[PDB]
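before the rest arrives, take these chain(s) from the complex:
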Amino acid sequence: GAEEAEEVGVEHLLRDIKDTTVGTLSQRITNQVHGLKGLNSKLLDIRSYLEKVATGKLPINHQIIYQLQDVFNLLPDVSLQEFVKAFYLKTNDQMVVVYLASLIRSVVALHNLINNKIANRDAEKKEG
């Protein structure tokens, strides 16, 4: 945890780093760290659930392995796990994101396009 101000030293001693306005690659940094750094921890969990099958004594199945094989049994299923509720539920999801991107990025088309043209041709033919 970080308590108080203390960055008269610290954030002067940054001398490298930028506050990213997330949506500017910081998300893919988190993608590498949770995907990679989560799934190598999953490889530690196949070290668990392979080495304990191999050489693991009494905490092989003490009291939390099957108990959190429940939590593993949230959604581990076989072929494609068949989330049939989640696909028109996903129409209710991607509903929102594509409607906002559609209408709102047409507003962004006004944002970029319109005054891009105005200041464009002011800078262009008002140069003469």
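Here it is on my side, so go on. Residues are numbered from 1 along each chain as shown, chains lettered A, B, ... in the order given.

for residue A:60, give me phi and psi.
Torsion angles at residue A:60 (phi, psi; degrees, to the nearest 10) stand at phi -60, psi -40.

check residue A:68 too.
With angles defined as degrees, to the nearest 10, residue A:68 sits at phi -110, psi 10.

tell me, how many residues neighbour it?
Neighbours of residue A:68 under the rule other C-beta atoms under 10 Å: 10. The way it works is simple: take the backbone N, C-alpha and C, and place the C-beta from them, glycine included.

check residue A:109 too.
10.

quick one: distance of stretch A:24-43 to the chain centre.
Relative to its chain's centre, stretch A:24-43 lies at 8 Å (C-alpha atoms, centre = their mean, to the nearest Å).

how long is stretch A:10-20 from one end to the other?
18 Å (C-alpha to C-alpha, to the nearest Å).

not counting that stretch itself, show me its contacts.
Applying C-beta atoms under 8 Å, 6 or more residues apart in numbering, the external contacts of stretch A:10-20 come out as residue A:26.

in that stretch, what counts as buried?
Across stretch A:10-20, burial judged by 16 or more other C-beta atoms under 10 Å covers no residue at all.

and what of stretch A:114-128?
Buried residues in stretch A:114-128 (16+ other C-beta under 10 Å): none.

C-alpha coordinates for that stretch, CSV please?
Written as CSV, here are the backbone C-alpha positions of stretch A:114-128 (Å, rounded to 0.1, in the frame of the first residue of the first chain):
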residue,chain,number,x,y,z
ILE,A,114,-15.7,18.4,-39.7
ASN,A,115,-13.2,20.7,-38.1
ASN,A,116,-10.4,18.7,-39.6
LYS,A,117,-11.8,19.9,-43.0
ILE,A,118,-12.4,23.5,-41.7
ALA,A,119,-9.0,24.1,-40.2
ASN,A,120,-7.5,22.0,-43.0
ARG,A,121,-8.6,24.2,-45.8
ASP,A,122,-8.1,27.4,-43.8
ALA,A,123,-4.5,26.3,-43.4
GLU,A,124,-4.5,25.2,-47.0
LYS,A,125,-6.0,27.9,-49.2
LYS,A,126,-5.7,30.7,-46.6
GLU,A,127,-1.9,30.2,-47.0
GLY,A,128,-1.9,31.9,-50.4
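
now the sequence for chain B, which goes on the structure above:
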Amino acid sequence: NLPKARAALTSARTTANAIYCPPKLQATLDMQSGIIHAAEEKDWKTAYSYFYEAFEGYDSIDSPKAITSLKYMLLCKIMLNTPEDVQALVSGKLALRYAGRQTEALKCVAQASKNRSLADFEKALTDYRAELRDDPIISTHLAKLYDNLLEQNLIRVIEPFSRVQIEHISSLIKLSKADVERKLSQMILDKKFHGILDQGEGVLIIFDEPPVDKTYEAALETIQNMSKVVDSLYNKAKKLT
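Okay, chain B now, added to the rest:
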């Protein structure tokens, strides 16, 4: 006759403003001020105040002329939103003061059409054939009560549960196709009732979701944006030529 009583209004506000001691016909003009001005809907109750000073100007008046000089104001208390005529006036001493009879039918119809189980208007429509009287002269004083009580009954039967086929919900009116379909479709038109009826299966279904300001607000704002871009196209055509 609102045009003819409008001519009586204009001759009343200045012709009868000049007669010095007309106390009897003054309360008659007050009955005109209750009748015509609730008929213009000046106010729901100040017109009744004109009936109500009109009322106390109806002493030393002839007793058949007296008892017809009260029907419009007891009938105004019938036309007093909440049918509260029973509890105050006709179980009160006034109808038990004079030789009124029709008002004593106004007791039972003002009470059984307080019970909200109908049983009353259809039954005593014959009992009110004398009280309907001039078919085209009142036309309102029972039609607003009962033609309110239509959709009052509709919000007793259709309000508690939305979807229903058309005949069993209309089993409490026992016509299935005459006017209850037109009344309910009128309530679709009047937005008290957001549903869709049916005839092929005859299955009424109620559901609604109007508001999407995501579509409405953004879309109409962008139409306004199109107007302001059109407002910019003359800065464009101006900087061209």
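
in light of the added chain B, please revisit the neighbour count of residue A:109.
Residues near residue A:109, counting by other C-beta atoms under 10 Å in any protein chain shown, number 12.

just residue A:86 next, same as before
13.

since we're on the closest residue to chain B within chain A, how many residues are nearby?
For chain A and chain B, the shortest gap (C-beta to the nearest C-beta) falls at residue A:103, measuring 4.8 Å. Close neighbours of residue A:103, defined as other C-beta under 10 Å, add up to 17.

that one and residue B:190, how far apart?
32 Å (C-beta to C-beta, to the nearest Å).

three-state assignment of residue A:24?
Put simply, residue A:24 is coil when judged by DSSP: H, G, I helix; E, B strand; the rest coil.

show me where chain B has helices.
Taking DSSP state H as the criterion, chain B carries its helices at B:4-14, B:23-39, B:46-56, B:63-67, B:71-78, B:85, B:102-112, B:129-132, B:143-157, B:166-169, B:180-189, B:213-240.

can you name every helix or strand that the second one contacts?
Right, helix B:23-39. If contacts are counted by 3 or more C-beta pairs under 8 Å, 6 or more residues apart in numbering or on different chains; DSSP states H and E, helix B:23-39 sits against helix B:4-14, helix B:46-56, helix B:71-78.

so which of those helices is the most surrounded?
Mean neighbour count (mean count of other C-beta atoms under 10 Å in any protein chain shown) peaks for helix B:71-78 among those, with a mean of 21.

which single residue in chain B comes nearest to chain A?
Nearest residue of chain B to chain A (C-beta to the nearest C-beta) works out as residue B:218 at 4.8 Å.

that residue touches residue A:105, doesn't it?
No. In this structure, residue B:218 is not within contact of residue A:105 by C-beta atoms under 8 Å, at 11.1 Å.

here's chain C, drop it onto the model above:
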Amino acid sequence: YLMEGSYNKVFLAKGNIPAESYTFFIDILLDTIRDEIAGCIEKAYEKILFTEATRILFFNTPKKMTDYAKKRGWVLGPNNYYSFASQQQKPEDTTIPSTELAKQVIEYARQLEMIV
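Adding chain C to the chains above:
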């Protein structure tokens, strides 16, 4: 009149269609009748019966329409005809339209990046 909708204007035309050996080509015209029947015998149809194979097809019954009952994967019903038991072979195609659209979100969201 072919593309108007008359396969019998064929047989009205073939009354005088020799036309200096325009016989091979009207035989291949009979071919482009019959294989289009092999398309259009049950295209969006319920079913037909034998007399429709007497009308649209001709030559009553060869082993060519018996071949048509035994070439295309055909249900020769008892004086009855079916393309299949369903004629359309159960169209759902994905039963999941969403995840490939998330691949559209992959490259499309990438396209939203690199530009401004």
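
try the neighbour count of residue A:86 again now we have chain C.
15.

so the strand or helix carrying it versus helix B:213-240, what angle?
Assigned by DSSP states H and E, residue A:86 belongs to helix A:85-125. Per axes from the mean of the first three to the mean of the last three C-alpha atoms, to 10 degrees, the angle that helix A:85-125 makes with helix B:213-240 is 20 degrees.

name the helices or strands packed onto helix A:85-125?
Packing contacts for helix A:85-125, counted by 3+ C-beta pairs under 8 Å, 6+ apart, involve helix B:213-240, helix C:99-112.

what about residue A:105, distance to residue C:111?
Distance from residue A:105 to residue C:111, by C-beta to C-beta: 11 Å.

more neighbours, the two?
Comparing residue A:105 with residue C:111 by neighbour count (other C-beta under 10 Å), the higher total belongs to residue A:105, at 13 against 9.

hmm, residue B:89 is touching residue B:75, no?
No. The pair residue B:89 / residue B:75 is not scored as a contact, 10.8 Å apart, by C-beta under 8 Å.

got the end-to-end distance for stretch B:204-214?
End-to-end distance of stretch B:204-214 (C-alpha to C-alpha): 30 Å.

which outside residues touch it?
By C-beta atoms under 8 Å, 6 or more residues apart in numbering or on different chains, the residues outside stretch B:204-214 that reach it are A:99-100, A:103, B:158, B:162-166, B:169, B:184, B:193-198.

could you redo the last one with a cut-off of 10 Å?
A:96, A:99-100, A:103-104, B:158-159, B:161-166, B:169-170, B:181, B:184, B:188, B:191, B:193-198, B:216-221 (C-beta atoms under 10 Å, 6 or more residues apart in numbering or on different chains).
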